[PDB]
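As structure tokens, the structure follows; a few thoughts come after it.
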Amino acid sequence: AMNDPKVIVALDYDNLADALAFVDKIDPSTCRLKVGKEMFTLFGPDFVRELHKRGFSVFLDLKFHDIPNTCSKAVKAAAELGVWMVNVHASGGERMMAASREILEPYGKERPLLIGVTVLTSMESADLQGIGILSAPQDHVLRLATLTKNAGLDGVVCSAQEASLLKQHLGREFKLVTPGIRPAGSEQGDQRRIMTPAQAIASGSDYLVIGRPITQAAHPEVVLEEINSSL
Amino acid sequence: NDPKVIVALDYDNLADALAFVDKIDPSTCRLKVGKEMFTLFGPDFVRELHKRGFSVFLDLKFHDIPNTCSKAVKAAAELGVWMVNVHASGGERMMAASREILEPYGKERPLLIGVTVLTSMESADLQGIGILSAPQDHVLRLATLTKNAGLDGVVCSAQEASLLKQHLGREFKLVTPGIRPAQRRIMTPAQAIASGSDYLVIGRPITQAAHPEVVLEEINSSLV
Ligand SMILES: [Cl-]
Ligand SMILES: [Cl-]
Ligand SMILES: [Cl-]
Ligand SMILES: [Cl-]
Ligand SMILES: [Mg+2]
């Protein structure tokens, strides 16, 4: 029953000082941080180490996708860095995912959570047909999420719409990391067509990745506490 | 000039990697930095390789939504790398966005190369991820998608090279791993270049050699 902040703040800064100036405004007890391909390619593991020094848990969002040997060694490198969560493309296949899980076994209970990416949020039918996928996107997402589960991974990134059905098929403990949700207290957070954070969590999301609504706030600390209180 | 050999640097230790690079001349080869060394040692390692005079293929196979993939590719251009790759399975829009963001970096911009079907994927692996096409046919589809997006070439095997070169043209670059300088089942460097490969990615045959600079010199002389 330890502290488990549900909001993961996306850090997508092209400047290190701006990024750290933002982190200075928030508390590690109230959120987690996501470091993606942009900030990692620009600033590397030293940036992640600085976030760790500040006491934050980090989701290293690099979506590794390579042959099993290479993908597993990259995941091992994430474990050497001491990250809380790391992701891989399920499209890399079952053997790639299983090899990545296997290599983390020696890191014990503190090992990174290993999460699969199914179909990127930017992709719709047309984009999928372009890369040779003819099945309906929802069915393909379920295929890839099931592949991840069967490879022994800890969870997947998924939309709020997908969450309940994924828990039903894959288990109550399978971790669901959900992007695209806006604070109810923000502008366009009152819109009904997209789930609020409370609705997303009720639907099965375990974590909510949120970016600009927080990083652009005058008082991101206030926005986080409001999101948190509502969950 | 244009060294055709790209040496794979897959070390889990910085000192060991640098001791190896100390043995070779930057005029005789290029270097590949992948997900393992980049995750462990980051852009500072790539900058050290540039300081030593080497051109680098940053092999991180970016695969994300177009905005994010393009920002990662821009980060590669900011680092000054010679080549960077992305997964063609990220789709045409992701690849085109990555090319567009490189436009202002001029002629010195990183070459942008697509990854088609990973070497690890045979028919059974492909079925598992929702692909029912023969792997060779899927490679051709994804390589064509890469060219359509305006990219500079693809990573491809010795088996795939001549067919891709014939179909997609002389100027579309083919970067080929798995080659071994002289079993007869694996192509030699001269055989691969003749088959259409533009660059060769070579690992252990060079990194584990008693005299890596001699292996490189022998490979380079065999290509004419
Ligand atoms: Cl806070
Ligand atoms: Cl492998
Ligand atoms: Cl996008
Ligand atoms: Cl089948
Ligand atoms: Mg504070």
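Labels used: A, B, ... for chains in the order of the structure tokens, numbers from 1 for residues in each chain, and numbers from 1 for ligands as shown.
Taking only stretch 88-186 of chain B, the residues that DSSP calls strand (DSSP E or B) from the backbone come to residues 111, 112, 113, 114, 115, 153, 154, 155, 173, 174, 175, 176 and 177 of chain B.
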Original post:
Taking only C-alpha atoms and all ligand atoms into account, which residues are within 7 Å of ligand 2, as a PyMOL selection string?
Top reply: (chain A and resi 67-70) or (chain B and resi 120)
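Proximal residues of ligand 1 are residues 26, 27, 30, 221 and 224 of chain A, by a cut-off of 6 Å on only C-alpha atoms and all ligand atoms.
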* Asked: If we count only C-alpha atoms, which residues of chain B reach to within 9 Å of chain A? Please list them as a PyMOL selection string.
  -> chain B and resi 10+12+34-44+60-66+68-76+78-79+87-93+118-121+125-126+128-133+138+141-142+145
How would the residues just picked look written out with N, CA and C atoms as a short mmCIF file (atom, residue, chain, number, x, y, z; two decimals), in the first residue's frame?
data_model
loop_
_atom_site.label_atom_id
_atom_site.label_comp_id
_atom_site.auth_asym_id
_atom_site.auth_seq_id
_atom_site.Cartn_x
_atom_site.Cartn_y
_atom_site.Cartn_z
N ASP B 10 28.71 -2.32 -30.19
CA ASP B 10 27.74 -2.89 -29.28
C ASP B 10 28.41 -3.27 -27.96
N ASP B 12 28.98 -2.85 -23.81
CA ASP B 12 28.30 -2.44 -22.57
C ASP B 12 29.22 -1.67 -21.62
N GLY B 34 24.03 1.90 -31.67
CA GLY B 34 22.66 1.42 -31.55
C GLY B 34 21.98 1.68 -30.22
N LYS B 35 20.85 1.00 -30.01
CA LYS B 35 20.04 1.22 -28.80
C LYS B 35 20.79 0.86 -27.53
N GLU B 36 21.66 -0.14 -27.56
CA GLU B 36 22.37 -0.50 -26.34
C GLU B 36 23.35 0.60 -25.91
N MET B 37 24.28 0.97 -26.78
CA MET B 37 25.25 2.00 -26.39
C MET B 37 24.64 3.37 -26.20
N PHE B 38 23.59 3.68 -26.96
CA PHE B 38 22.99 4.98 -26.80
C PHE B 38 22.23 5.06 -25.45
N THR B 39 21.51 4.01 -25.09
CA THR B 39 20.78 3.99 -23.84
C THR B 39 21.74 4.05 -22.65
N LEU B 40 22.90 3.40 -22.79
CA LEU B 40 23.87 3.40 -21.72
C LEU B 40 24.70 4.68 -21.63
N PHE B 41 25.11 5.23 -22.79
CA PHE B 41 26.09 6.32 -22.80
C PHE B 41 25.67 7.61 -23.52
N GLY B 42 24.52 7.58 -24.18
CA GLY B 42 23.90 8.75 -24.78
C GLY B 42 24.65 9.57 -25.80
N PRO B 43 24.19 10.81 -26.00
CA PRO B 43 24.79 11.67 -27.01
C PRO B 43 26.24 12.05 -26.75
N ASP B 44 26.69 12.05 -25.50
CA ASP B 44 28.08 12.39 -25.21
C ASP B 44 29.03 11.39 -25.89
N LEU B 60 18.77 3.87 -34.01
CA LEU B 60 17.79 3.81 -32.93
C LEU B 60 16.38 3.42 -33.41
N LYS B 61 16.24 3.21 -34.72
CA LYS B 61 14.98 2.69 -35.30
C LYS B 61 13.74 3.35 -34.66
N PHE B 62 13.69 4.67 -34.74
CA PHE B 62 12.60 5.42 -34.16
C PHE B 62 11.26 4.96 -34.75
N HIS B 63 10.26 4.86 -33.90
CA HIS B 63 8.95 4.35 -34.30
C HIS B 63 7.93 4.92 -33.31
N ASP B 64 7.32 6.04 -33.70
CA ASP B 64 6.38 6.74 -32.85
C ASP B 64 5.43 7.54 -33.72
N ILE B 65 4.54 8.29 -33.09
CA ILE B 65 3.62 9.14 -33.83
C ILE B 65 4.47 10.16 -34.62
N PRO B 66 3.94 10.69 -35.73
CA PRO B 66 4.75 11.59 -36.56
C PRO B 66 5.42 12.76 -35.85
N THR B 68 6.38 13.08 -32.72
CA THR B 68 7.45 12.59 -31.86
C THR B 68 8.63 11.99 -32.63
N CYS B 69 8.33 11.17 -33.63
CA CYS B 69 9.39 10.59 -34.44
C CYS B 69 10.20 11.69 -35.10
N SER B 70 9.52 12.70 -35.63
CA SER B 70 10.20 13.82 -36.32
C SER B 70 11.08 14.63 -35.37
N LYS B 71 10.61 14.87 -34.15
CA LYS B 71 11.42 15.56 -33.14
C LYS B 71 12.67 14.75 -32.74
N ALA B 72 12.55 13.43 -32.68
CA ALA B 72 13.69 12.55 -32.39
C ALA B 72 14.74 12.61 -33.54
N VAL B 73 14.24 12.58 -34.77
CA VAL B 73 15.09 12.70 -35.95
C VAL B 73 15.77 14.09 -35.97
N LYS B 74 15.05 15.15 -35.61
CA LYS B 74 15.65 16.49 -35.51
C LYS B 74 16.75 16.47 -34.45
N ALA B 75 16.50 15.79 -33.33
CA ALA B 75 17.52 15.65 -32.28
C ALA B 75 18.78 14.94 -32.83
N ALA B 76 18.58 13.96 -33.71
CA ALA B 76 19.73 13.29 -34.36
C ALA B 76 20.51 14.28 -35.25
N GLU B 78 20.64 17.49 -34.77
CA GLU B 78 21.29 18.42 -33.84
C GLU B 78 22.59 17.83 -33.33
N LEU B 79 22.64 16.51 -33.22
CA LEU B 79 23.84 15.82 -32.78
C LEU B 79 24.87 15.75 -33.94
N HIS B 87 11.49 3.10 -38.35
CA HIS B 87 10.70 1.95 -38.81
C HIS B 87 9.71 2.36 -39.90
N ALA B 88 9.84 1.77 -41.08
CA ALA B 88 8.85 1.99 -42.12
C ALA B 88 7.45 1.59 -41.64
N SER B 89 7.35 0.64 -40.71
CA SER B 89 6.04 0.23 -40.20
C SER B 89 5.38 1.32 -39.33
N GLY B 90 6.08 2.44 -39.13
CA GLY B 90 5.49 3.61 -38.47
C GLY B 90 4.58 4.33 -39.47
N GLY B 91 4.71 4.01 -40.76
CA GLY B 91 3.84 4.55 -41.79
C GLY B 91 4.42 5.71 -42.58
N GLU B 92 3.76 5.99 -43.70
CA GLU B 92 4.22 7.02 -44.60
C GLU B 92 4.24 8.41 -43.97
N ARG B 93 3.21 8.76 -43.21
CA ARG B 93 3.16 10.11 -42.64
C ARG B 93 4.29 10.35 -41.64
N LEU B 118 12.48 -6.66 -39.67
CA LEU B 118 13.66 -7.05 -38.90
C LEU B 118 14.09 -8.48 -39.24
N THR B 119 15.39 -8.71 -39.24
CA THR B 119 15.99 -10.02 -39.56
C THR B 119 15.42 -11.17 -38.74
N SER B 120 14.99 -10.85 -37.53
CA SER B 120 14.43 -11.82 -36.61
C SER B 120 13.05 -12.37 -37.02
N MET B 121 12.38 -11.70 -37.96
CA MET B 121 11.01 -12.03 -38.30
C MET B 121 10.88 -12.91 -39.52
N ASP B 125 6.56 -15.35 -37.09
CA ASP B 125 6.64 -14.14 -36.27
C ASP B 125 5.72 -13.07 -36.85
N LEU B 126 5.69 -12.97 -38.18
CA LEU B 126 4.84 -12.00 -38.86
C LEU B 126 3.37 -12.28 -38.64
N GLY B 128 2.05 -13.61 -36.12
CA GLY B 128 1.78 -13.20 -34.74
C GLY B 128 1.49 -11.71 -34.57
N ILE B 129 2.09 -10.87 -35.42
CA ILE B 129 1.87 -9.43 -35.35
C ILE B 129 0.86 -8.93 -36.39
N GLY B 130 0.13 -9.84 -37.01
CA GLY B 130 -0.95 -9.45 -37.94
C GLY B 130 -0.62 -9.31 -39.41
N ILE B 131 0.57 -9.76 -39.81
CA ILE B 131 1.01 -9.71 -41.19
C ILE B 131 0.96 -11.11 -41.82
N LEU B 132 0.16 -11.27 -42.88
CA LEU B 132 0.01 -12.56 -43.55
C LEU B 132 0.80 -12.65 -44.86
N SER B 133 1.35 -11.54 -45.31
CA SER B 133 2.16 -11.51 -46.53
C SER B 133 3.48 -12.24 -46.37
N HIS B 138 6.41 -8.34 -48.13
CA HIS B 138 6.25 -7.26 -47.12
C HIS B 138 7.45 -6.31 -47.13
N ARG B 141 7.03 -4.06 -50.03
CA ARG B 141 5.97 -3.08 -49.73
C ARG B 141 6.52 -1.95 -48.86
N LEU B 142 7.22 -2.33 -47.80
CA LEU B 142 7.71 -1.33 -46.86
C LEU B 142 8.87 -0.51 -47.44
N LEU B 145 7.23 1.98 -49.65
CA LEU B 145 6.60 2.98 -48.79
C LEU B 145 7.64 4.01 -48.33
#
Can you pull out every residue within 10 Å of residue B:49, counting only C-alpha atoms, but drop anything in the same chain fewer than 4 positions away, and send it as a ChimeraX atom specification? /B:18,21,26,30-31,33,43-45,53-56
DSSP on the backbone: what in stretch 19-55 of chain A comes out alpha helix (DSSP H), as a ChimeraX atom specification?
-> /A:19-23,37-53
Export of the given selection (N, CA and C atoms) as a short mmCIF file (atom, residue, chain, number, x, y, z; two decimals), in the first residue's frame:
data_model
loop_
_atom_site.label_atom_id
_atom_site.label_comp_id
_atom_site.auth_asym_id
_atom_site.auth_seq_id
_atom_site.Cartn_x
_atom_site.Cartn_y
_atom_site.Cartn_z
N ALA A 19 13.16 22.30 -18.89
CA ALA A 19 12.65 21.04 -18.35
C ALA A 19 12.83 21.00 -16.84
N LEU A 20 14.03 21.34 -16.38
CA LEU A 20 14.33 21.30 -14.95
C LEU A 20 13.60 22.40 -14.18
N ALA A 21 13.39 23.54 -14.82
CA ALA A 21 12.63 24.64 -14.23
C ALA A 21 11.20 24.16 -13.97
N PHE A 22 10.64 23.40 -14.91
CA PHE A 22 9.32 22.82 -14.70
C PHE A 22 9.32 21.80 -13.54
N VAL A 23 10.26 20.86 -13.54
CA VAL A 23 10.29 19.83 -12.49
C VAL A 23 10.44 20.47 -11.09
N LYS A 37 11.57 9.87 -26.76
CA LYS A 37 12.63 9.86 -27.74
C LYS A 37 13.27 11.23 -27.93
N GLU A 38 12.48 12.29 -27.83
CA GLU A 38 13.05 13.61 -28.04
C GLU A 38 14.04 13.98 -26.96
N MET A 39 13.60 14.00 -25.71
CA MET A 39 14.49 14.41 -24.63
C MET A 39 15.61 13.41 -24.42
N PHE A 40 15.37 12.13 -24.68
CA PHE A 40 16.45 11.18 -24.49
C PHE A 40 17.53 11.33 -25.56
N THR A 41 17.12 11.56 -26.81
CA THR A 41 18.10 11.71 -27.89
C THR A 41 18.90 12.99 -27.70
N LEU A 42 18.24 14.02 -27.17
CA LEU A 42 18.92 15.28 -26.88
C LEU A 42 19.82 15.26 -25.63
N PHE A 43 19.32 14.66 -24.55
CA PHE A 43 19.96 14.74 -23.24
C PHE A 43 20.40 13.45 -22.56
N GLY A 44 19.95 12.30 -23.04
CA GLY A 44 20.50 11.04 -22.59
C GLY A 44 20.22 10.62 -21.18
N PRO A 45 20.93 9.58 -20.75
CA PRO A 45 20.71 9.01 -19.43
C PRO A 45 21.05 9.98 -18.29
N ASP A 46 21.92 10.96 -18.53
CA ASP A 46 22.23 11.92 -17.48
C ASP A 46 21.00 12.70 -17.05
N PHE A 47 20.12 13.03 -17.99
CA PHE A 47 18.88 13.72 -17.66
C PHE A 47 18.01 12.83 -16.79
N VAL A 48 17.88 11.57 -17.17
CA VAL A 48 17.09 10.64 -16.37
C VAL A 48 17.69 10.55 -14.96
N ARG A 49 19.00 10.45 -14.86
CA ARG A 49 19.65 10.38 -13.56
C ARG A 49 19.34 11.60 -12.70
N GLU A 50 19.23 12.77 -13.32
CA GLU A 50 18.91 13.99 -12.57
C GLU A 50 17.49 13.94 -12.00
N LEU A 51 16.57 13.37 -12.78
CA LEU A 51 15.20 13.22 -12.33
C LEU A 51 15.18 12.21 -11.16
N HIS A 52 15.96 11.14 -11.27
CA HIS A 52 16.04 10.17 -10.18
C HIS A 52 16.62 10.81 -8.90
N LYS A 53 17.65 11.63 -9.06
CA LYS A 53 18.27 12.32 -7.94
C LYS A 53 17.24 13.19 -7.22
#
